[PDB]
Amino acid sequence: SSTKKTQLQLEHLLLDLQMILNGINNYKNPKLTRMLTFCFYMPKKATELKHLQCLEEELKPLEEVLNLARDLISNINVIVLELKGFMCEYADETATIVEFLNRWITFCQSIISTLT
């Protein structure tokens, strides 16, 4: 019931990020070009729960980029705090919101695989 809960917490996180990615790729979004000009930071390594601190630190720019077009941001925040309860090392190369979301979706799938 503890491992399952953790798994469910990650599943919601995964889905939340996907919903953001979907709303950005919707042809109804009139600000995709502007959104892509935003710069996001990515962790050098992303293989451990504690690395979610790196995601948490970016929720602000995340909210701002989406606001260009939240109930989801807050949901992510809650999950993240539940998973990691660490000093992040970020890569030099910044990423677009699309790359940023992909990377974390991939991180979620990885961790979910591990604890199943």
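Counting begins at 1, following the sequence as shown.
The entry models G85 and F86 with a gap of 4 to 9 deposited residues left without coordinates.
Count the deposited residues lacking coordinates between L59 and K60 and you get none at all.
Stretches 87-95 and 24-32 differ in mean CA B factor, with 87-95 having the higher one. Set 1-9 against 105-113 and average the Cα temperature factors; 1-9 ends up higher. Residues shown: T37, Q53, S74, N67. Highest C-alpha temperature factor in the entry: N67.
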